[PDB]
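This document starts with one chain, in the form deposited in one PDB entry, laid out as structure tokens.
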């Protein structure tokens, strides 16, 4: 092949990651290399392996090989020991997150995406980026993944992260990923699940026809809040690219006023958490 093949019997499978909520992904050991890995079990494999071999960057999970022994198929990668971003954020351990940490992580994600959009030898538009597709390696670095679940041609309850054009099956550019990245950032700031408890269909409807967007707290510093508005524009062409996001993050890092602003916001979760809850109460009733 043009990609590394790993034999099914050279893997020892442990748990299904996340009790099943992240699909048919397992933690395992690659026995001949004495290495811990993740495996995603598949029922078929198209020409994914060929693209995965040529994608490699410090903010994307590392491809190691493919299981190809019909009827068994799967993709084997790096296992990120600290798990999903979604899980971390929605746990109380994320209370340690300050300004710098949110800066570093928002940067990790933007650089991975910029790579996939513009620097990799082939152009990859994720189209399903969300905090349940970002994982955390033992060193603390974020790693995007699931960028080959589409098989690189549109296939063969995650409405909160989808741009409206994606929701309504319209032409998608790079900027669909900018919108989703917005949601991710908003998660890191609020440490809430976006549209928690709403229905999929209600989210879709609201986002597309009402231009409903996640509640940004009034204490949230301006810089960040504007970034969020920019990533969330219903006119996709207006949204920034990942290189511009990276450039905006950089001038944020040099604003000496922002640390204080962000950290007191982060530390006053006591206050603003029913700004968010109020809206959700209102939206749940709009359907009841």
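Residue numbers count along the first chain shown, from 1. Between two forms, the rigid core is defined as the largest C-alpha subset superposing within 1.5 Å.
Novice: Are any deposited residues left out of the model between residue 156 and residue 157, and how many (none, 1 to 3, 4 to 9, 10 or more)?
Specialist: Per the record, 4 to 9 deposited residues are absent between residue 156 and residue 157.
Novice: Going by the average Cα B-factor in the PDB entry, point out whether 80 to 88 or 144 to 152 comes out higher.
Specialist: Here the higher of the two C-alpha B-factor means belongs to 144 to 152.
Novice: In the PDB record, does 246 to 254 or 63 to 71 carry the higher mean Cα temperature factor?
Specialist: Higher of the two, by average CA B-factor, is 246 to 254.
Novice: What's the residue among 112, 194, 200, 121 with the greatest CA temperature factor in the PDB record?
Specialist: Spelled out: the listed residue with the top C-alpha B-factor is 200.
Novice: Which of these, 117, 93, 101, 132, has its C-alpha atom at the highest B-factor, as the entry lists it?
Specialist: Across 117, 93, 101, 132, the entry lists the biggest C-alpha B-factor for 93.
Novice: Considering every modelled residue of the chain and its Cα B-factor in the PDB entry, is residue 174 in the lowest, middle or highest third?
Specialist: CA B-factor rank for residue 174: highest third.
Novice: Using the B-factors in the PDB entry, rank residue 184's C-alpha atom against the chain and give the third, lowest, middle or highest.
Specialist: It falls in the bottom third of the chain.
Novice: Determine, from the deposited record, the chain-internal third of the Cα B-factor for residue 227: lowest, middle or highest.
Specialist: Middle third of the chain for residue 227's C-alpha B-factor.
Novice: Please rank the C-alpha B-factors of the chain's modelled residues and tell me whether residue 38 sits in the lowest, middle or highest third.
Specialist: Within its chain, residue 38 is a lowest-third residue by C-alpha B-factor, going by the deposited values.
Novice: Is the Cα B-factor recorded for residue 239 in the lowest, middle or highest third of its chain?
Specialist: Tercile = middle for this residue's CA B-factor.
In what follows, reference is made to the form deposited in another entry, a form of this protein that is not presented.
Novice: Please look at 151, 132, 101, 213 and say which one has a C-alpha shift reaching 2 Å or more between the shown form and the other one, core superposed.
Specialist: The one that shifts is 151.
Novice: After the core is matched up, is the C-alpha of residue 264 off by 2 Å or more between the shown form and the other one?
Specialist: For residue 264, whose C-alpha is compared between the shown form and the other one after core superposition, the shift is less than 2 Å.
Novice: Superposing on the rigid core, is the CA of residue 21 displaced by 2 Å or more between the shown form and the other one?
Specialist: Comparing the forms between the shown form and the other one, which are aligned on their rigid core, residue 21 does shift its C-alpha by 2 Å or more.
Novice: Do residue 20 and residue 214 have their C-alpha atoms closer or farther apart in that other deposited form than here, with the shift being 3 angstroms or more?
Specialist: Residue 20 and residue 214 sit closer together in that other deposited form.
Novice: Knowing the shift is 3 Å or more, I'd like to know if the C-alpha atoms of residue 109 and residue 22 are closer or farther apart in that other deposited form than in the shown chain.
Specialist: Note: Cα gap between residue 109 and residue 22 widens in that other deposited form.
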